[PDB]
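So the structure is just underneath, and the comments pick up after that.
Cβ placement follows ideal geometry from the backbone for every residue including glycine, while neighbour counts extend to all protein chains displayed. Rule-based calculations on the coordinates, nothing more; no lab input.
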Protein chains: 6
Amino acid sequence: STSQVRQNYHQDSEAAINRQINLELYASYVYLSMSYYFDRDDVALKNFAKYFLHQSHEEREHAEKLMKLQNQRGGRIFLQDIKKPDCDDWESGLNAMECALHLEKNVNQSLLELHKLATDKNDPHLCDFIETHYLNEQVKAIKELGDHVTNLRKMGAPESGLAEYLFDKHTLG
Amino acid sequence: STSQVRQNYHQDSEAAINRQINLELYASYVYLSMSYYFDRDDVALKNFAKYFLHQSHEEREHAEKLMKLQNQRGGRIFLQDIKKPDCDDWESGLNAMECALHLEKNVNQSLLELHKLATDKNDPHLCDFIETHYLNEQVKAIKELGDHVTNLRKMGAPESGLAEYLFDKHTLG
Amino acid sequence: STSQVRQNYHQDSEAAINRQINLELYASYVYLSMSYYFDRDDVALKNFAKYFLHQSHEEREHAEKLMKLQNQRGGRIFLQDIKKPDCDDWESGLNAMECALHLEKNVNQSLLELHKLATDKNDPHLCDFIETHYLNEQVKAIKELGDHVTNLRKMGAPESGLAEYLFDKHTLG
Amino acid sequence: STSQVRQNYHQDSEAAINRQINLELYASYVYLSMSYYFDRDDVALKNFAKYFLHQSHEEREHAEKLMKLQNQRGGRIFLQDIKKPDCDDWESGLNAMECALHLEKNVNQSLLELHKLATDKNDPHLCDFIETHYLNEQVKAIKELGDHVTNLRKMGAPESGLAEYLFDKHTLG
Amino acid sequence: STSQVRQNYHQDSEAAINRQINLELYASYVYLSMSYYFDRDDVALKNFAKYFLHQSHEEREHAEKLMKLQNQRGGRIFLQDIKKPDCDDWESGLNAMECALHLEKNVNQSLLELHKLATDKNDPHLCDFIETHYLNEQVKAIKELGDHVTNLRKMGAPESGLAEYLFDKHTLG
Amino acid sequence: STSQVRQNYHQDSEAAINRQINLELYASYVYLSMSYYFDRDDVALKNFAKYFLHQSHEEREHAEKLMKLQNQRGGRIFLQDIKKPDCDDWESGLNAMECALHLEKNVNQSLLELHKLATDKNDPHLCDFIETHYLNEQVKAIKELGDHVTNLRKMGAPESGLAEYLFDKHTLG
């Protein structure tokens, strides 16, 4: 049953990769919903939609990378249902940005837990892969999301709408 | 009397094309008036004028397309008077945009009624022509006008004038 | 009420510009009707249609130039109804050419009357504008229309149809 | 027996495609005969021959397009005999043009009947295919044939031969 | 509540678009699973994986197109859970191809039902959109899948493995 | 009645050219049917279809060449009905190739009989024309068809289907 190429790959590190795979798919779905909310005519903030769409594409490519890694090491991929996003209305841009930040922090925590599991089982390849492809990019994305939120807050009230328009036109545009 | 090339063309589908022709001409006249209102020195919003002038040119070309279609199918074109626009003063930019939206919705309703008449008389060529050249563009234009109006509203009060200046400079410019 | 930029501009020279504006629009409408008559399949003279369509475009651009001049000097533009062309059938090409000539002569007379009014009120800018953009072009157009008519007459009878075909193919084509 | 890919394709819409296929082949044969009549030395009108040869090639390509459509939807093609053209002598150019016009009108009527049958059976693909590839081109061809006939008639008598030579040299050449 | 741009858009045509959206997402998920099955080392058929991955990308882009259409017409998008693929092991290449064919036929049936609903409510824009972007491509894809299956069957037994290798190397490669 | 340019052209050599013309048209029809049989989805051999389609185009051009020759020498062309192909199903590729070979041999025999008739009437132009344009190409085509058949036979049984696939992919592709 075990693949001819499998070597130094544990059952736990396979189930964890599958769960991370599902989580990345769910994140991509959430970002798709976020972007196509801001694509609506009652919102009409183009650059927000483009930003979230790019985030969704990046999450999808990361899930594909995980699946390729699973196949290379001799693991077998198991696909599960993808749960729909939390909200159907994502409110103002200040709140969407804060929901994206929380999602990114959750995914980063999951990656760190996976790294802990990998170092538990003495698997240098998995640790190297996670370090190379995931952690630093997650830190950069979280830093960028933090900057955007503080700038939105700096502008913000009293004239919230003008502020949201100018942030859309200057920063993200 | 009937043209040598006429075939599967009904009297009703000819009168309707003529009426649509007149309506398109009237729309072009209205957009010309809109643009040359904003060209005035007491308004001085250039990009609004350019936008409405482009709308007028598009309406004119659509009327010419209808006239060409009428000639190809063997119909005879009848030209009627073009009534002057409703207003001489088009108020702020928020109101001009809302008058353009209403005009576009009226023209779209007329096109849908023409399509209904065409399918009544079993004329696939007219339905194909309307579908290809008119409907989708009307939907796109109405969507674009809706986005502009919501953004203008988002900025808007308290500082309406600064908002109208920044929308002119960023979006339409 | 009077514009901040208005200076040496009289009420009469504003109403006259508006009337000339309406007359140019009516001329453009007439030329559109002329061209789309010859676009018909029972006439089928392409070059005549192209010629009249070019005339219509030129008249439209001249009306736009008048409107720009009105806006620059501080006048306010007033748009009125555009009356439909005189005829629905424009007969042979010899008669269309003679209706175009009469229309051009009428417009030239209107321009000369406007110049007389301008010199009445001691307004050098309006006289310079009319001289630069309108008079010489009107003279050239009338001369060209006269040449075409005499050539059509030279060919003409007995074989009128062959003559009209060869004039269409050689001169206007 | 039914093909694995067949779906929403009716027996009637298959027989009709086969009959249209045969009709297009017959039209191509007729146009070949027309062109190679005018290629003769007692006629010697080159441009007429080239025009009819182009018509024949277009009809052939349309028949091939129908056959490809039949194969894509899971239908089976049935080929029948191609009947020879009506005439062996196609008379003057005025009469050939009028026989081409009648053939085109017949084919257009057949296409409209096929569209009626397609909408009877609730088949959107066939209606879309007919609308996209056939109807508008048929209308354009009929309009062009009508123009040529009226110009030939305009020239025509008394000097019919000179007229036919000049139409050959100028229009079709 | 109703959007400013909504016109001639029915509740039914909105729910149907949402359901089609979910179905396209599910199809993309299934094709992703198919490709990453054949990416495994115990299968090792590269071209099959690339083919199914391309299918998944196409399905994703089609879902995005549907979502854009929903937003343009004034509808509001509702996202639901995406169910996991049917199988975890997709067997030989002959069976994967037959599961892809069935999925494509199901999606085509759903599109035809949506077209029926659209023509029920007298909505020409939706019918034109479906005809332009979806139906013909579905027919082409089903035809291509049918060809591949018959060729695989032609080779096939007795030497099934060599046949599957040569089909992978020649046709899909 | 006799053409001004006719010289050293016999009635027999005219009827024979007409019959050869009809035979070439029939051959082109047969090759069209052959190609569009292999275009079907239950056969799915592309290169066979392309090969037979090329054969059909070549036969058509040869018929046109014969018609031009007939017109140059002062003969008058007579078109007759084109009979439909023998079969509606052309079986495996081995049998289609053998039906093409027989058709080519029949046409070559007809050409040789025409040459015999031409030398009977002391007509060097016709003999030169046949020698230059037809005979050698017929020999080359028959040789090529013989090679393909022997290679198909060499592969062939036991694994006929794999053999037909590899011949399609390598030789004709």
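Quick look at the values:
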{"read-out": "Charged-residue dipole, Cβ positions (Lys, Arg, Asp, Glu), chain E about Cα centre, Debye nearest 20", "value": "500 debye"}
{"read-out": "Choice from A:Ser160, A:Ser28, A:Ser13 with maximal GNM fluctuation in chain A (Cα, 10 Å cutoff)", "value": "A:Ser160"}
{"read-out": "Residue with peak Gaussian network fluctuation, chain A [Cα springs, cutoff 10 Å], from A:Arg40, A:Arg19, A:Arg73", "value": "A:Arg40"}
{"read-out": "Residue pairs, from the table B:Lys105/E:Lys121; F:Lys83/F:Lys121; B:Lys84/C:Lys65; D:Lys121/E:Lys105; C:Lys169/D:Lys46; E:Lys84/E:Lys143, whose Cα atoms sit over 22 Å apart", "value": "F:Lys83/F:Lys121; E:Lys84/E:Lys143"}
{"read-out": "Descending semi-axes in Å of chain C, equivalent ellipsoid built from Cα gyration tensor", "value": "37, 16, 11"}
{"read-out": "Residue order, fewest to most surrounding Cβ atoms within 10 angstrom, among E:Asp86, E:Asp123", "value": "E:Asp86, E:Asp123"}
{"read-out": "For the protein assembly as shown, radius of gyration divided by Kirkwood radius, i.e. Rg to Rh on alpha-carbons", "value": "1.04"}
{"read-out": "Label geometry 7 Å along the beta-carbon vector: C:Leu166 inter-copy distances in nm", "value": "0.4, 7.2, 7.3, 7.5, 7.5"}
{"read-out": "Likely footprinting exposure, C:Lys143, D:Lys116, D:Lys84, fewest C-beta neighbours within 10 Å first", "value": "C:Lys143, D:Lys116, D:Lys84"}
{"read-out": "The stretch D:70-94 and the stretch A:13-79: distance between their alpha carbon centers, rounded to Å", "value": "56 Å"}
{"read-out": "Axial C-alpha extent at least 15 Å, average Kyte-Doolittle at least -1.0 - helices from chain E (DSSP)", "value": "E:11-38, E:93-120, E:136-155"}
{"read-out": "Cβ-vector label at 7 Å, C:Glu113, separations to other copies in nm", "value": "3.9, 6.3, 7.2, 8.9, 8.9"}
{"read-out": "In Å, descending, principal axis extents of the Cα set of the stretch D:1-87", "value": "56, 20, 14"}
{"read-out": "Residue order, fewest to most surrounding Cβ atoms within 10 angstrom, among F:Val30, A:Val5", "value": "A:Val5, F:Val30"}
{"read-out": "Inter-chain shielding of E:102-108 (mean C-beta neighbours from other protein chains, 10 Å cut-off)", "value": "1"}
{"read-out": "Per the axis that maps chain D onto chain A, nearest residue of D (Cβ criterion) and its distance in Å", "value": "D:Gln4, 26"}
{"read-out": "Hull volume in cubic angstrom per residue (convex hull over the Cα atoms of the stretch C:78-120)", "value": "72 Å³"}
{"read-out": "10 Å Cβ neighbours from other chains, averaged over peptide E:36-43", "value": "5"}
{"read-out": "Inter-chain shielding of C:156-164 (mean C-beta neighbours from other protein chains, 10 Å cut-off)", "value": "4"}
{"read-out": "Viscosity 1.002 mPa s, 20 °C: Kirkwood-radius Stokes-Einstein D of the stretch E:102-152 over Cα pairs, µm²/s", "value": "181 µm²/s"}
{"read-out": "Calculated label separations, E:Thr132, copies of the chain, 7 Å along the beta-carbon direction, nm", "value": "1.2, 1.2, 4.5, 4.6, 5.4"}
{"read-out": "Gaussian network model of chain D, springs between alpha carbon atoms under 10 Å - residue of D:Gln80, D:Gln55, D:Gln20 with greatest fluctuation", "value": "D:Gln80"}
{"read-out": "Residues whose placed amide H lies under 5 Å from that of C:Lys84, excluding near-sequence neighbours", "value": "B:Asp81, B:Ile82"}
